[PDB]
Amino acid sequence: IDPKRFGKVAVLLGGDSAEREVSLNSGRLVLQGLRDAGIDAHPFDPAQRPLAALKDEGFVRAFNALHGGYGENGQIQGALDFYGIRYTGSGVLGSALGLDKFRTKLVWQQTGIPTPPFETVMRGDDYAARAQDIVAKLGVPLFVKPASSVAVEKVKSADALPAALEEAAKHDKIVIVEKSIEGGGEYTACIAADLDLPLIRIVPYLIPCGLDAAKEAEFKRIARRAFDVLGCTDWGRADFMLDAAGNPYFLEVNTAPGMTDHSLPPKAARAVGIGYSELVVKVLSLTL
């Protein structure tokens, strides 16, 4: 794994967004991580420098250490594709779709990645027909919310649901109707190439996460399936929760995880004896 098979590497850090400082700190650590492994890596701040200078200066690849704005929403990914520059994290579709919480859940639910159950209704639909089918699938009580401030309406009886769909659709073109579920723990699965990273339990944090080895293995596999259906590369976090019976429900992905000393992927890696430098190289290797 000869460093320099990587060629000239740009670390994208800084940017225009509100998280500029976290990006700057995170990027500097990534840069040092790459240099410790003998990789020819250089900082590149797209807020300070024209993006076309990447191609003009002979950069072949980029480690994306940006957060927020154009860094994670498909914009910089599309631009970098345009200039022939390879980059860590996911492409245009996976990055854009990953930020779109609503459409991520639609893709998941249609493909059998478990996610909190729900149905959608639009202005003009046959509310009586949709109500009957929704009650059959989801039971009651149900929560009605716009899909794009507003309070969640709780609907307690099958018979009252048509009217709630009618009333919600007057204000919002698209409405989600969600099943009632009990919170039974929140968790995150870090994915970094082929590395075996342990789950983390979030306590509003914890390794070991407190799940048994069979469940840990099963949830990590589902996490990778959840990335696959979105068109995401294997770099990121998948957040999920359990109900009281221990069933998993996936909530969202993050395709641009933190890389500060206290961020989750370095913490997970440390927990199983994997150092910061090894982590960053493994992430960059996905661009080879």
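Residues 4-151, 155-210, 228-311, in that order, are what chain A shows, numbered as in Swiss-Prot.
Using N, Cα and C of the backbone, Cβ positions are placed for all residues, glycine too.
Feature annotation from Swiss-Prot assigns Mg(2+) 1 binding site to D262, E275. Residues annotated as Mg(2+) 2 binding site in Swiss-Prot: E275, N277.
Where Swiss-Prot records a feature, it is marked here on the structure.
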residue: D262; record: Mg(2+) 1 binding site; Cβ neighbours (10 Å): 16
residue: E275; record: Mg(2+) 1 binding site; Cβ neighbours (10 Å): 18
residue: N277; record: Mg(2+) 2 binding site; Cβ neighbours (10 Å): 18
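Between the CA atoms of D262 (Mg(2+) 1 binding site) and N277 (Mg(2+) 2 binding site) there is a gap of 8 Å. For the segment bounded by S151 and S155, where 3 residues are absent from the model, the Cα separation is 11 Å. In the deposited model, 17 residues between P210 and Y228 are left unbuilt, and the Cα atoms of these two flanking residues are separated by 8 Å. The secondary structure of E275 (Mg(2+) 1 binding site), as reduced to three states from DSSP, is extended strand. DSSP classifies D262 (Mg(2+) 1 binding site) as strand under the three-state reduction.
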